[PDB]
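**Student:** Please find one structure pasted underneath; my questions will follow.
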Amino acid sequence: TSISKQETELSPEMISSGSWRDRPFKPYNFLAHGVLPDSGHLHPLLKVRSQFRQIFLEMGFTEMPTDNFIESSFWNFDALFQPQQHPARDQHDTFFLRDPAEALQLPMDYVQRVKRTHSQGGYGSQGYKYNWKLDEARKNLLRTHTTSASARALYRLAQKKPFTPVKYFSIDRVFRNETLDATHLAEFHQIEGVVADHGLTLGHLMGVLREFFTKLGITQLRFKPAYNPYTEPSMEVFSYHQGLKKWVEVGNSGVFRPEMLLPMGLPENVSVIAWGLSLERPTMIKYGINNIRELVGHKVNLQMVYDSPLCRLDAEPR
Amino acid sequence: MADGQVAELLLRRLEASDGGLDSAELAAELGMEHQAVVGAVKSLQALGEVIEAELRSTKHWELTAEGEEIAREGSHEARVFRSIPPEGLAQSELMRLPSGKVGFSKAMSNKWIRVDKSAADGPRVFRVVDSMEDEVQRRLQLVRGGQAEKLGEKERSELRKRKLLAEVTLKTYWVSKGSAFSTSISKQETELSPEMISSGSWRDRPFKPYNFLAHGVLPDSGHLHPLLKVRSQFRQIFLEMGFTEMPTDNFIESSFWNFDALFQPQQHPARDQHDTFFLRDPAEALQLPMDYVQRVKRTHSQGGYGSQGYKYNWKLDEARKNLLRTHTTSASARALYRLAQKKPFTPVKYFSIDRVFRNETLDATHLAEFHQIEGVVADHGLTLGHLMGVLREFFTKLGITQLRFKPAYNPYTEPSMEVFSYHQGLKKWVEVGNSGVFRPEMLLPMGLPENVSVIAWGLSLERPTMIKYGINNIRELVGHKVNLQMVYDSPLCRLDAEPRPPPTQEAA
Amino acid sequence: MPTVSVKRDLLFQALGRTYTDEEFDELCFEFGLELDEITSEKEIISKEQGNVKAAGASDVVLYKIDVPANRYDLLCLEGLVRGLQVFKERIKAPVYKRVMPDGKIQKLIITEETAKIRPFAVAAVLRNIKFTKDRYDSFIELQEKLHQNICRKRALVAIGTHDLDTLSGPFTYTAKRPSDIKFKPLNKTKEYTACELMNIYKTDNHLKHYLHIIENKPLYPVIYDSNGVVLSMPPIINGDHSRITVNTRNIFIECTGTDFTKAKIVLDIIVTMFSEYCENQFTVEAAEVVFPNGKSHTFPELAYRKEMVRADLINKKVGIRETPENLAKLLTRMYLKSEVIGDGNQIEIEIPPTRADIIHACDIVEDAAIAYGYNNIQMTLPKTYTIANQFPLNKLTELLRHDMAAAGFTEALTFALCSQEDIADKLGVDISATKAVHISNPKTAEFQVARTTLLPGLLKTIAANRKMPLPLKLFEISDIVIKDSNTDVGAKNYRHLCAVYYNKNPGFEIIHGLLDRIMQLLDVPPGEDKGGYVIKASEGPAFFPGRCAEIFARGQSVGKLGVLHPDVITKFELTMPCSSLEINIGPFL
Amino acid sequence: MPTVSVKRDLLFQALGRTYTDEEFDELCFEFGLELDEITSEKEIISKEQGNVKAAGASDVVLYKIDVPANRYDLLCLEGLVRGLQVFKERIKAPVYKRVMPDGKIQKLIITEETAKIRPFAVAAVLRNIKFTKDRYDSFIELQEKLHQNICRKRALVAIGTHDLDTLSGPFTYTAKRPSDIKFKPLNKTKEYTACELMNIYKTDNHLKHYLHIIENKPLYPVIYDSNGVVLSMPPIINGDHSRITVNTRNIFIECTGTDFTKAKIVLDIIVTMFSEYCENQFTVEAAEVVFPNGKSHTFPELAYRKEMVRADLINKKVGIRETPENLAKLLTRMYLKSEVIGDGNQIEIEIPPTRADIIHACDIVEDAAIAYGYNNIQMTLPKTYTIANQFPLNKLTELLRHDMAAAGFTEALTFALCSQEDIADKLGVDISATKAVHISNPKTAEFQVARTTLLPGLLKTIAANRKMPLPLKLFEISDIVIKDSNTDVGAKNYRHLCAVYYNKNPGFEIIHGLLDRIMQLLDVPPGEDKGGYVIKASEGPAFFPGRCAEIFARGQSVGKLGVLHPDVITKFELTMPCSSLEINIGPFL
Ligand SMILES: N[C@@H](Cc1ccccc1)C(=O)O
Ligand SMILES: N[C@@H](Cc1ccccc1)C(=O)O
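Chains as they are written, first to last, in the entry's author numbering: chain A, 183 to 500; chain C, 1 to 508; chain D, 1 to 589; chain B, 1 to 589.
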């Protein structure tokens with residue numbers, strides 16, 4: 183052919199003096215993924231943790247610290263009025279340490295009040311009428327739930343000159359010796375929210391929950407009675423889904439029992455409500471997943487991460 | 001001649017030796033100390049994996065400069081105990097000399113002596129007990145008998161910090177022959193190929209040791225503009241304080257909403273060609289709340305809602321004039337009006353950070369368009385104190401406590417106050433924000449209830465950003481003339497935009 | 001921000017005390033004022049005009065006080081001293097009464113030729129003023145102060161002070177043809193005509209403004225008297241015959257204008273302010289103004305309003321809980337003479353004609369709080385729980401910003417205003433096809449139109465950063481205006497995410513790849529058979545032919561993807577080629 | 001989560017209605033229960049033997065109901081039916097009274113040899129039970145249900161049911177040497193000794209647990225009778241002589257154990273549950289237990305507590321405003337028979353021995369709300385204003401995360417647990433110099449220790465992503481545990497920001513450059529002087545010699561910067577070389 187020795191991309195000199203004009207070059211495959219620009223990446227699960235953290239802040243909640251993968255049995259259990267007969271304080275369920283076996287320092291006064299009400303009762307309750315062994319509470323372990331963190335937080339609060347209502351939240355990792363599985367792992371992330379004021383009602387707990395799951399884009403909300411060792415009334419919240427074409431549990435909550443709170447020193451006119459869920463569940467659905475080990479852990483498929491989108495363009499009109 | 005000269009020489013030696021070699025002995029055999037041989041052995045390891053070396057160490061106990069004295073003239077406590085008769089010994093003179101002073105503090109923390117204040121001769125010291133045994137001394141007295149072992153770890157322990165003796169550890173090095181061993185030294189081996197890993201060829205060569213002095217290679221990270229990095233932080237403060245973000249998609253506002261709606265009189269200077277950019281094309285608003293407008297026109301000229309208006313003639317053709325939003329307050333007017341239409345009234349907290357346009361070729365940073373953030377609270381029975389309270393909470397999440405309020409004037413606020421803060425470095429109370437309490441002649445005509453009152457405050461995104469990233473002029477990053485290099489380097493003005501940041505040292 | 005200069009030593013003497021430069025700066029703060037600066041004309045003329053070091057009564061120690069454009073009774077030393085004096089209860093607030101004279105019921109008549117150039121006017125006189133070097137200048141200053149300020153450069157109200165001893169008999173306010181009045185103006189050698197002064201003034205640095213900005217109508221305002229002497233020609237200049245000087249004994253003040261009430265106020269301020277210097281202290285001699293209407297009203301009307309406010313209100317509004325008796329005390333110190341009404345519940349407040357700013361109940365609260373001292377009010381925190389919410393758009397934007405950055409690009413801050421050529425000519429399109437909005441009487445050339453795209457600004461940024469390394473990767477996610485016939489105002493803003501690749505070679509494939517990432521981020525599948533997006537080659541007058549495409553998604557054109565055309569890249573004074581991208585992220589919400 | 005299987009057709013018949021698989025799944029929800037699954041006996045094993053089609057009682061469908069580990073009166077069909085029945089007011093709640101028998105005042109005597117192995121025990125009998133194929137199995141099931149559950153596998157309480165017609169005369173509870181009691185145990189051919197059964201059971205799949213986990217003391221619990229017959233050896237097995245079968249007429253129930261009250265409760269549950277089948281319905285025949293103390297107490301003590309609650313409390317706590325009369329109705333339906341006390345203020349509540357879960361006032365509220373139906377409670381929103389605050393550390397973290405991403409790196413999610421070799425051996429150091437924390441009796445090998453660094457996990461990630469492009473740039477900002485003698489628990493978490501460069505060539509200079517950026521981001525100036533940071537070459541057993549440094553800043557060692565040593569990179573099964581970085585961002589707050 184004639185004038186057909188096409189060129190490549192334009193040039194700074196062609197742009198300098200008329201050269202680009204007629205030196206024929208029109209080749210560009212307008213149907214190709216082009217070159218994804220090299221880009222940094224944030225892990226999907228944490229992109230989500232971020233979104234939760236925000237929801238909490240927008241709802242006036244303060245972020246409580248969780249720097250302690252290792253909790254003493256006292257704070258992780260006893261403190262939450264979790265008897266010692268319970269099947270969750272067993273070796274086959276929890277990770278107890280081998281090296282720092284027993285903890286070192288413990289809040290003996292508070293511990294005394296617990297030991298007490300735990301076995302003999304008080305504050306209006308009739309305890310569990312069993313013998314509370316301190317050597318047991320001394321046993322160190324791997325925090326089994328963020329609720330312990332709240333116990334801490336509340337206790338600290340109970341010491342403030344005059345009481346002052348608050349709203350705490352925290353999204354932290356929690357170790358469980360459950361069962362090496364494909365559905366659930368050994369360690370996951372659990373988010374918890376707690377409100378402490380005067381005269382909070384089960385309805386409040388419900389009201390807050392509705393507001394929370396709305397900023398998560400959920401309206402099909404139905405509550406159901408449940409049981410938690412550390413909550414006067416306790417309820418599991420559910421939502422409807424098409425995936426299992428029927429109702430599903432999306433969160434557990436309750437109203438800390440007074441035999442948990444009163445011994446910390448909080449006033450009797452103060453009541454605190456709380457709720458919690460796992461960072462995992464909401465992702466393993468609102469992003470469709472088969473194996474959890476696919477995004478949590480070293481076995482993670484990095485390619486999936488590179489491609490993970492704005493896991494926050496979620497609670498928006500999807 | 002210190003490392004490279006004693007190196008190629010320590011290699012010669014190893015070559016001529018039968019394996020073993022000491023950086024001490026062979027340094028004694030040399031006309032060199034041990035800060036040369038050892039000082040070098042360092043290089044002979046950096047240079048790949050040439051020679052192996054084992055840091056062996058000698059450990060013996062010596063006596064202090066101080067403790068050598070005690071060791072022979074007794075401790076300081078015993079020193080003083082014996083120095084004080086039963087007749088007492090005014091503690092005045094006793095501590096009027098360092099040697100004593102010390103010993104007094106320990107004859108005390110020993111229950112060997114006590115004080116009093118029952119003799120005109122000021123406080124005095126009398127010995128408590130009469131049985132004295134100088135342990136401190138008679139313990140050292142033997143440590144220097146080459147018996148520095150007949151003593152407990154519980155003992156020399158305390159003794160140590162007492163400066164009554166120290167431990168000596170002589171570090172010796174046993175440089176062997178490794179692999180890379182060779183007097184060739186051709187450190188032309190630059191890096192570490194994936195090959196060498198699978199083979200072992202990292203062992204048969206010397207790698208040019210790295211120059212840990214020079215800075216490295218900053219990666220090509222993407223960048224977010226400093227001013228917006230700050231806008232972000234403000235946006236967050238507002239959310240954490242329960243405020244909802246109101247929309248501002250409208251650089252072009254009708255004069256009505258921008259001025260009239262806010263009970264800012266028509267003949268006000270601020271709506272002059274010199275002050276506000278008016279429009280040439282959509283110069284006339286294509287629509288507006290005539291009902292609301294009527295109630296405005298009214299109260300604006302004749303009064304009402306308790307006021308006596310401005311008693312002037314309100315021209316509608318004027319309000320129709322389109323312009324470039326001069327302040328975000330107009331956005332709030334919109335927001336509030338909308339709110340006023342809600343079935344039952346419901347308290348709220350709005351905020352918005354959007355750019356405004358002022359014509360002024362004004363002094364200061366010459367910007368005819370800058371960002372302005374505004375916060376508004378509407379509830380029942382809000383007081384000037386609430387406005388203050390909210391402001392304190394806000395400026396605290398901004399890291400500011402020196403807050404002082406001052407009376408001011410805004411056409412659209414019953415009471416109005418400017419809030420200030422005392423600057424440390426730039427000693428002087430600088431401003432920081434203007435606020436007020438929307439007049440009812442602004443609110444009532446919108447249809448809000450009389451029992452509802454709304455307070456608001458605002459400031460510019462620019463002013464603070466200048467004193468956070470630290471600057472004096474902002475046209476240095478606000479515009480096309482922005483110095484991109486400054487952006488690439490702009491640090492997290494977040495933790496360094498609330499928490500306490502560290503300023504360069506002050507060496508003298 | 002009205003500023004008022006005052007001879008320090010005088011100010012202090014006026015008050016009856018001596019103040020530290022702090023003690024006063026404090027008193028200022030305490031009263032809503034601000035002591036802007038302390039210098040003298042030794043700093044004025046000594047900074048912009050050669051260096052006329054003329055100091056014999058100029059170079060002094062005077063305070064430059066800032067006062068609220070609200071309070072008019074604070075534009076002169078007489079006022080500030082009176083205000084602060086009562087505020088610190090160091091003096092009882094004076095009462096202003098207007099009295100009848102001895103037969104000499106001065107009168108000013110308005111005619112028909114009036115209502116159409118300066119509708120109404122009002123006047124009054126103040127008998128036997130004991131002037132002074134300073135008192136005079138202060139009296140003249142105040143006049144200027146509230147002229148080019150509250151009167152909007154005489155536009156609405158114009159004040160004229162005359163030496164009543166230099167003219168007599170009933171005065172007349174009217175309007176005649178320009179070339180129909182001889183006159184001997186203030187600082188003018190001869191005697192000219194109205195039609196003559198107008199243009200001889202177009203050169204007068206001071207009046208160069210006032211004149212045409214107000215007159216060029218079929219008639220001109222003028223004020224005569226029995227003798228037939230010309231008092232003045234209202235907005236422009238007064239008569240040199242009736243000029244007022246330090247030795248004047250009686251002053252006749254007249255105010256003409258388009259805004260009745262304002263004039264009415266300006267008068268009150270002037271007369272109420274300086275009647276402190278009349279023989280019969282704080283008294284203004286009535287004056288009869290007769291309107292075209294034929295009726296006669298007396299002036300000035302030293303209005304004394306008496307509204308009533310409940311004590312609990314002030315407390316509940318300010319945020320303090322003081323007793324009604326004390327609340328009254330507060331209000332009084334602020335000029336608003338208050339008194340509790342028996343049942344210690346309601347407070348009767350007397351609004352002086354000096355504080356004409358009090359127009360609503362809330363204005364009393366202001367003064368009440370100011371008197372109480374803002375910093376004595378306990379800070380309280382509103383207890384209403386509200387859940388915060390971001391604005392959908394902005395949330396998304398904030399996200400994209402963070403990923404654009406992750407993708408190695410750098411965010412900029414383009415201005416929203418610019419020159420037409422920036423969004424048209426330089427891009428190969430006529431300003432008539434941009435839908436752009438035009439700014440009226442723009443200062444510079446770069447204030448003609450408002451952005452229609454972010455591409456220009458971005459380029460211009462590269463232009464100013466030639467000093468920057470190999471490839472420049474800029475982006476910005478902001479608004480652009482457009483005319484929209486379907487919006488109450490006429491225009492609408494749009495959120496575009498716009499990026500550019502500047503390098504030896506244009507990165508049209510890497511820019512194409514950016515769009516792909518962005519879509520991937522927004523979870524928008526490629527292809528349309530799922531409501532996604534596609535790239536359809538297209539032509540653009542800003543892009544090098546055959547290296548330009550259009551972006552389609554969610555059933556519409558989103559943006560333009562392409563390589564900048566050599567023309568635009570040179571017309572923006574750039575070197576290398578360039579690849580751009582600009583999508584309207586709006587539809588993606 | 002206690003599960004209770006029940007023959008469907010039976011359950012429905014028991015209630016007096018037929019339910020949809022939805023209607024019941026609903027009723028369950030409504031009462032805090034959950035219908036876990038619905039299967040047959042064949043399907044239940046249809047996976048534990050492949051598919052050994054077991055036909056018989058596998059034709060019947062049964063519901064697998066989940067019940068709260070709180071409510072004990074719901075561990076059998078008799079209970080669930082009774083509970084739900086009253087809950088839907090389809091039946092009045094039955095009363096449990098214990099009666100005196102006709103002379104046969106059965107008695108069980110405790111001795112001294114007791115208190116030290118199983119301190120106390122309690123018993124009682126229920127006359128003439130009309131058993132059934134099902135009723136029997138249910139009775140046995142319940143026994144097992146509350147055994148290895150509320151009794152903690154018999155550890156605290158152990159229950160024994162005997163056929164009173166097969167033995168007589170006062171019974172004795174005591175302890176003798178193991179090899180000192182012949183016995184004819186439940187399912188055992190001959191007659192063995194205690195000292196003999198113990199080891200012949202170490203092989204019994206079922207009892208393999210119970211035994212040693214409770215006994216190996218100097219004495220063994222045993223229960224005799226007049227004849228001298230052995231009733232049972234409490235925790236391990238009962239006597240085959242007194243075995244109970246479908247045709248049993250009278251049952252003698254005994255409960256021994258270390259926890260008094262619990263045993264006391266277990267008894268009440270059993271006896272209160274099945275007295276529904278006694279000739280004299282809902283009656284339990286008293287029994288006299290005599291303690292070592294010499295005193296005699298009657299059992300079971302069907303405790304009926306009568307606490308009082310202010311109706312206002314229940315309302316104010318639940319969030320409802322029902323009337324006391326109605327509140328009482330609610331509580332009643334829940335088994336807690338309530339009645340208003342005259343002044344319609346206080347409600348008297350009777351706590352049945354069946355609901356032993358009620359231990360505090362709040363527990364009444366629970367039941368009250370459950371009876372009222374959670375979803376009938378209006379959702380209200382707490383009105384207390386609170387300003388939100390992030391935790392300093394986490395705020396900073398969240399920021400750095402966003403910039404690491406900007407700098408082209410990708411965030412991972414390492415596990416916090418692993419094997420010692422992961423944080424020691426594979427890095428060239430002994431597990432004794434890591435300060436690491438050790439987990440007790442870890443399942444897998446990778447559950448021995450808790451992270452001491454993020455480097456391991458990061459590498460392991462690369463290992464699993466060999467399939468990924470040219471250079472891998474990973475990073476993570478998480479916690480690592482360490483033993484700390486100065487913390488109440490013994491260990492402390494630290495926030496490390498750790499990154500790695502994986503490529504043909506290690507990017508030690510580009511990693512060095514990362515640290516520089518990071519510092520630049522944290523506004524930390526370089527050099528020893530400027531109170532900033534310094535890279536001081538150093539040696540590390542995990543880094544290739546001469547390509548390793550230490551990071552110093554704010555007066556301390558922050559981290560280690562360097563090139564991974566060939567050994568570690570191969571011991572983590574990797575190919576290319578590697579450059580790492582790990583700073584403790586803690587000190588930078
Ligand atoms: N995550 C906690 C939250 C919570 C606290 C207290 C009661 C109920 C729920 C949990 O699962 O229990
Ligand atoms: N809009 C003003 C602040 C302000 C608004 C409304 C009332 C009071 C103050 C500003 O941005 O400076």
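We treat Cβ as the ideally placed atom computed from N, Cα and C, and that holds for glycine.
Would you kindly check if the distance between the Cβ of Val-309 (chain D) and the Cβ of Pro-282 (chain C) is under 8 Å?
**Tutor:** Result no, Cβ atoms of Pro-282 (chain C) and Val-309 (chain D) do not sit closer than 8 Å.
**Student:** Below 8 Å, can you find three or more Cβ-Cβ pairs linking the segment 306 to 314 of chain A to the segment 419 to 428 of chain A?
**Tutor:** They do not touch, by the three-pair rule.
**Student:** Do we get a CB-CB distance below 8 Å when we pair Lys-504 (chain B) with the residues of chain C?
**Tutor:** Output row for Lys-504 (chain B): interface = yes.
**Student:** Just to make sure I have the definition right: I need the residues of chain C whose C-beta is within less than 9 Å of the C-beta of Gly-375 (chain A). Which are they?
**Tutor:** Going along chain C, no residue has its Cβ under 9 Å from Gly-375 (chain A), so there is no contact; the nearest lies around 15 Å.
**Student:** Going by DSSP in three states, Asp-66 (chain D) sits in which element: helix, strand or coil?
**Tutor:** In the structure shown, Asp-66 (chain D) sits in a strand (DSSP, three-state: E or B).
**Student:** Measure the beta-carbon distance from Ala-286 (chain D) to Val-99 (chain D) and round it to whole angstroms, keeping in mind my assumption that it falls under 8 Å.
**Tutor:** So it is a contact: roughly 7 Å between Cβ atoms.
**Student:** Would a check of beta-carbon distances place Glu-498 (chain A) closer than 8 Å to chain D?
**Tutor:** Yes, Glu-498 (chain A) lies at the interface with chain D (some Cβ there is under 8 Å from its Cβ).
**Student:** Would you mind telling me which residues of chain A sit closer than 9 Å to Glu-245 (chain C), beta carbon to beta carbon, in chain order?
**Tutor:** Ordered by position in chain A, no residue passes the 9 Å Cβ test against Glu-245 (chain C), which lies about 10 Å from the chain.
**Student:** Comparing the C-beta of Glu-366 (chain B) with each C-beta of chain A, is any distance below 8 Å?
**Tutor:** It does; some Cβ of chain A falls within 8 Å.
**Student:** Between the segment 278 to 297 of chain B and the segment 331 to 351 of chain B, can you find at least three pairs of beta-carbon atoms closer than 8 Å?
**Tutor:** The segment 331 to 351 of chain B is not in contact with the segment 278 to 297 of chain B.
**Student:** Are there 16 or more other CB atoms within 10 angstroms of the CB of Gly-375 (chain C), so buried, or fewer, so exposed?
**Tutor:** With 16 or more Cβ atoms within 10 Å of its Cβ, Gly-375 (chain C) is classed as buried.
**Student:** Could you name the residues of chain B that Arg-439 (chain A) contacts, counting a contact when the two beta carbons are closer than 9 Å?
**Tutor:** Per Cβ cutoff of 9 Å: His-360, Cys-362 and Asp-363.
**Student:** Any heavy atom of ligand 2 closer than 7 Å to the CB of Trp-202 (chain A)?
**Tutor:** No, the Cβ of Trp-202 (chain A) stays beyond 7 Å of every heavy atom of ligand 2.
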